[PDB]
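Take a look at this one chain, the form deposited in one PDB entry, written out in structure tokens.
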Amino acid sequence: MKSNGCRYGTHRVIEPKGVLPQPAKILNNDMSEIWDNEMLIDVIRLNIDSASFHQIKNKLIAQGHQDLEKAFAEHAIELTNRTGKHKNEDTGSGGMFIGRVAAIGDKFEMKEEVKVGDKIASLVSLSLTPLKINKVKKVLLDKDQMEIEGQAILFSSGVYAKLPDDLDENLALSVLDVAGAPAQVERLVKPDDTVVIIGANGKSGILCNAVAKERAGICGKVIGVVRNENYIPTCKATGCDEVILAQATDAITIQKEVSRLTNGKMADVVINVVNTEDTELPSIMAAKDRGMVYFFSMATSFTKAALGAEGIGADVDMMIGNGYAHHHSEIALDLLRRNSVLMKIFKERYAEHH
């Protein structure tokens, strides 16, 4: 056991010196000894970022490989052996892993309480994760997955979650993927608030509907925005009092309908969980004066949000949605255990085994 490990993991950065593990080019993936504030994982499965997986697959096709599973497996071993991690060298994307705890340093900053042998999922990207792949058992070309024998390091600053014994693994992973959204909504929504959820039928959207309605309470108002009439029942069953039919890019219709439904008062909190571009101004205009607009979509443009609010004189607070929050996995999993409607929808949509 090595001493004086950096919680941010800089002790494993080989190239270039003086940067963090994520932007680094080469990490130390020597698993024979760990630092005192690290956690070592026996990796079972690698869930590669879909864009990275597709980009690597197509690069290999273009180079002329016929056996794609074998070419991909060999690509992953070469990449991880040389750079210490599975960070896509063209996109910068990573992924996450599933495995069982192998060793815990005595100064590891424990978050969720876990012990050797526990089954866990990482909630930080493979783009900063020291990873040693000893064997690729299977490349699942259609699932962006590799079943492997290997090991990974979590730094004390990293994030992980114990996978619950009583839940379908893919169901649990689906909640963990978006756990930050309901966690943040719980912090934002006051009793009696009006809340507008843009993209309310989505995976994070239906979780946001439910905690928004729990937090806003009996005299609050939760308004979902969807573009498909097919989604109205689900939005209402998961917490929406009202549903607006609009493209999330249609600022005028959303403003008009939110105004109708609130008698001009508009929303205290706007939660944006769409996966498309140019929805910043429609979200801003749904808010009341000094309201809160929480942008979760990775499609959000900083400049479009900033210039959007300036051009129409909207004095609103606009937050970059932080996917991490203390206890967010436990909070999101507890939401599904309290709400049988959500649990049934999540199992139907995202459970592997039915």
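Start at 1 with the first residue shown and count on from there. Rigid core: the largest C-alpha set superposing within 1.5 Å between the two forms.
What comes next is about the form deposited in another entry, which does not appear here.
For the listed set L60, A299, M292, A325, the sole C-alpha moving 2 Å or more between the shown form and the other one on a rigid core superposition is that of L60. The Cα shift for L281 between the shown form and the other one, taken after rigid core superposition, is smaller than 2 angstroms. Superposition on the rigid core between the shown form and the other one places the CA atom of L167 less than 2 Å from its counterpart. Once both forms are overlaid on the rigid core, the distance between the two CA positions of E310 between the shown form and the other one is under 2 angstroms.
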